[PDB]
Every structure is written in structure tokens, then in C-alpha cells.
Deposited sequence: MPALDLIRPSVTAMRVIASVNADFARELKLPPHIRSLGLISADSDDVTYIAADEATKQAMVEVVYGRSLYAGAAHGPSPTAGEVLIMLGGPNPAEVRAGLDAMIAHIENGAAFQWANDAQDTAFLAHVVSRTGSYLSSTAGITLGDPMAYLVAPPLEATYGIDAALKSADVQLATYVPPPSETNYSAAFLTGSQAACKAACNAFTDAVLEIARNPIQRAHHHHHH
């Protein structure tokens, strides 16, 4: 209704304890990576954030990950490090960051979370130092653009990465400090809400 979460979910899972010679290659795989985790899920950005958050709890890395709703192949040395990694992705997936509705009619959904310590997945899919804070904002395009601008007019932050909307949602990440990351966040959600009630 208001800002009620949207529990995302895990739809499939499977570990490949020892990726083929020929697969690791075509796949373009560091030598050190012979184990593999396949995770899929519904929300992309909420998985993106998991992939990230499991790059900190197991020595793993996101070999891959795009919107289908998703797929994230987590790479690691032995399986036991990609397990803990997957088992974490789930955990940050089944109960962590979540979209939210922006109207009551439940038909215009947004996403304002703060990543306080980027693991290696977004530090990198966004010109950043590993760990720097971040504001991951996802909303419908138009609802999106207007909200960033606001975002920005709200805190000393910068666009930390930005090809625009053309997810069928605009997403964007803003760094700066981390409180400022938060206000910006707040202000993103208000923007997007004034429009979902009355702009749109």
C-alpha cells in the first residue's frame, strides 16, 4: 500500500563443484576459480546487492549476473567458499533489501537502499573504492530521473555510475558520505512517492 516491502525470492540454486576446463575458459575464468555457484531470483537489484554482500562473507566473486528475473554465477576456489557465499546471497535475498510499492494501487514499484560497505561487486560496477558507501536507487524511468535530481539537490552526493534508464527501471548509485547517502535516499523515496500518488 504505502511503503510495504515486496519480499523477493529464490527460485533456483546449484553448485558446480568443478567447472569444466572448456567451460571455465569460454567463461573467461581466473585460474583460481574452479568452483561455481548458480543463483537465480526475482528482484535483480536485490540480488545484485546480495551478490555484493556475499562477496564479503565468503571469498567469492560475481563472475556474472544480469536481468532476465535474474542469474548470478558466483566464482570461488573450493566449493565450501561458494556455498557459504550462496547461503548468504539467499539470506540477504530472503530477508534484506526489498522493493517497495510507491502508490497504494500497488503498480509502481521503487527501491531505495543504502550499501554502507560495498563489497567487490559494486565498488566495481561503479567507479569507487572497495567499501565506499553508496545509494542504490531503482524506480520507473520518469519516476526515476525526477527523483535522482531531487536526490542530488538534497545531499552532497555524486553520481558514482550512470548510463541512464533506457530492469525496465532506471537505477543509479550515489556516493558521498553515508548519511548523505541516506538523506539522498530518503529524498529519492519522497520524490518517487509524490508522483506515484499524483504526478502519475
| query | finding |
| --- | --- |
| Regions left out of the model, expressed as runs of the deposited sequence counted from 1 | 1, 70 to 82, 181 to 182, 217 to 225 |
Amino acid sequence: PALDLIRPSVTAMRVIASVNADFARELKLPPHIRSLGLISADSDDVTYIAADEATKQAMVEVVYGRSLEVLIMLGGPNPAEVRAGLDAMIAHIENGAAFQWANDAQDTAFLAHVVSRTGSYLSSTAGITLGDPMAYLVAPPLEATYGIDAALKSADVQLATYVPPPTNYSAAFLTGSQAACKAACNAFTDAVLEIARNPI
From here on, numbers count along this sequence of modelled residues.
{"property": "Other compared entries missing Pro140, a third or more", "result": "no"}
{"property": "At least a third of other PDB entries omit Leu68", "result": "yes"}
{"property": "Mean C-alpha B-factor comparison - 181 to 189 and 21 to 29, higher one", "result": "21 to 29"}
{"property": "Out of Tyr162, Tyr136, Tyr146, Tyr48, highest CA B-factor residue", "result": "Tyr162"}
{"property": "Where the record places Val115 (Cα B-factor, split into thirds across the chain)", "result": "middle"}
{"property": "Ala105, C-alpha B-factor rank within chain (lowest, middle or highest third)", "result": "highest"}
{"property": "Cα B factor band for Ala172 (lowest, middle or highest third within the chain)", "result": "middle"}
{"property": "Among modelled residues of the same chain, the CA temperature factor third for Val70", "result": "middle"}
{"property": "Modelled-residue ranking by C-alpha temperature factor, third containing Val157", "result": "highest"}
